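Mapping to the deposited numbering: the sequence shown position 27 is 27, numbers consecutive.
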Amino acid sequence: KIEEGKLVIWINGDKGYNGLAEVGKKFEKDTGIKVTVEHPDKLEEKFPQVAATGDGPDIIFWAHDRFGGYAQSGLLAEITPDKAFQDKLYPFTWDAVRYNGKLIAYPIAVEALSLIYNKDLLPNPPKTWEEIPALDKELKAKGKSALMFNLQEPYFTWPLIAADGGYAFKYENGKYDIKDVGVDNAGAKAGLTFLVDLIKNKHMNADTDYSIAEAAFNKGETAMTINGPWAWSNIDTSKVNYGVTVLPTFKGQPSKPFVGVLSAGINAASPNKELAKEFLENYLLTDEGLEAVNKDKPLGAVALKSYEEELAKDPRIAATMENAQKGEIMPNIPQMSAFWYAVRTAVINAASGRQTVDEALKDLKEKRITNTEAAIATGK
Ligand SMILES: OC[C@H]1O[C@H](O[C@H]2[C@H](O)[C@@H](O)[C@@H](O)O[C@@H]2CO)[C@H](O)[C@@H](O)[C@@H]1O
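Spelled out as structure tokens, the structure:
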């Protein structure tokens, strides 16, 4: 059961949960309502189990891609922003939180992976994926490593799979065709094949993860990483002189990172729907509230127009938007959960040699996405 006269907010560990707590304490001062911010693990999996029963947090933060499945499960209170509120945010960020004609969450910020590089180790970063092997060989002679990024989560490898023609679900009227999967087409095979080639030649490791890759770049042992704006705060701390820049091309085609819209939904079983609406519209989506959060750990290109005009000055945010333009907004449909689960098995297996690239993502299309779609939609 959720307590009336209180807000509990859930956001991911990698985001600025402490800045958001400052917006919490400001809210507390004005209204008397205590705001408790939490960053539990496997947040996106924990919210559905907990909220369906009883009852979870009042407000949930995640990128938009998971919110269709949440609305479809009945978990999100349909929001009620008026026209004046809407026009303070960029039209395409509203689109990412629209589902069956209705808005279901407030959009916060636009997240896109970029190439992050060490200027001292690598003044002039490589423009292409094809240049990386040779660079790694040149850096292995001096004890260091060319590129180290998270290979456990498909969000990070996707830019390379999509680069040459791969895609999740086709767009369409539309409308996304869940029968038309672009995950065993030639562009994906080519992107994943290239990735597994880097791993066969000892240029990357299969079992590199978010922690390991961050530690590596931040302690000056890698020339390059691939991360989002949330990670800039800790590179700042490490003192590594770094730059954020366009993702490398593959066969001359831009890397196409899936673009996420950090979003806030109101739990459907919360008795504090108004307090939540007040919190999000009047405290968070202000220059001042988005400042507090952005200063803990940056959001990227925020959805609020007035504050974005101050942030577009940052070269590192111009690079984030450069990369987002080259990419595609993520679908928000419910079958994204299924899609993500399956793709994560395929890539891990392909990357570890358990299967070949052609086997891994032939199984994916032919059975795993549909099997997982059916498993998610059946109860377990
Ligand atoms: O890797 C699958 C995962 O990708 C995305 O998650 C991102 C998220 O958008 C970022 O904001 C940050 O939290 O890193 C995550 C990668 O672990 C999808 O948004 C998410 O649904 C999916 O599980």
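For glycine and all other residues, C-beta sits at the position ideal for the given N, C-alpha and C.
Reduced DSSP secondary structure (H/G/I, E/B, other) of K170: Strand, per DSSP.
Between the CA atoms of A216 and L151 - distance to the nearest angstrom: Distance between the alpha carbons of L151 and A216 is about 14 Å.
Straight-line gap, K34 to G24 (C-alpha atoms, nearest Å): About 7 Å.
Complete runs of the beta strand (DSSP E) confined to the stretch 163-248 [at least 3 residues]: You should have 167-170, 177-182, 222-227, 242-245.
Span separating the alpha-carbon of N349 from that of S114: Roughly 25 Å separates the two Cα atoms.
Boundaries of the alpha helix (DSSP H) in which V293 is found, first to last residue: Element bounds for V293: 287-296.
For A292 and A105, the rounded distance between their alpha carbons: Between the C-alpha atoms of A105 and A292 there is a straight-line separation of about 21 Å.
Environment of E214 [buried if 16+ CB atoms lie within 10 Å]: Residue environment: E214 is assigned as buried (16 or more neighbouring CB atoms within 10 Å of its CB, all protein chains considered).
Residue environment, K297, which counts as buried when at least 16 other CB atoms sit within 10 Å: With 16 or more other Cβ atoms within 10 Å, it is buried.
Range of the contiguous alpha helix (DSSP H) that encloses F67: Start and end: 67-73.
Within 8 Å, strictly: CB atoms of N282 and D58: Not closer than 8 Å, so no.
For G24, the first and last residue of its enclosing alpha helix (DSSP H): Run containing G24: 17-31, per the alpha helix (DSSP H) assignment.
Unbroken beta strand (DSSP E) run spanning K6, endpoints: It spans 6-10 - the beta strand (DSSP E) in which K6 sits, taken as one unbroken run.
Three-state class that DSSP yields for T370 in the structure shown: In the three-state reduction of the DSSP assignment, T370 falls in the helix class, which pools H, G and I.
Nearest to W230 (by Cα), restricted to the options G16, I2, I9, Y210: Checking every option, the nearest Cα to that of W230 belongs to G16.
Cβ distance (whole Å) where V347 is taken to contact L121 below 8 Å: About 27 Å; that fails the 8 Å criterion.
Limits of the unbroken beta strand (DSSP E) element including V259: Segment 258-266, the beta strand (DSSP E) holding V259.
Cα-Cα separation, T128 to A52: So the alpha carbons of these two residues sit roughly 46 Å apart.
Cβ neighbour criterion (16 or more within 10 Å) applied to residue 454: Here the chain has residues from 1 to 380 only, and residue 454 is not among them.
Three-state secondary structure (DSSP) of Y99: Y99: strand per DSSP, three-state reduction.
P154 Cβ short of 7 Å to ligand 1 heavy atom set: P154: yes, Cβ under 7 Å from ligand 1.
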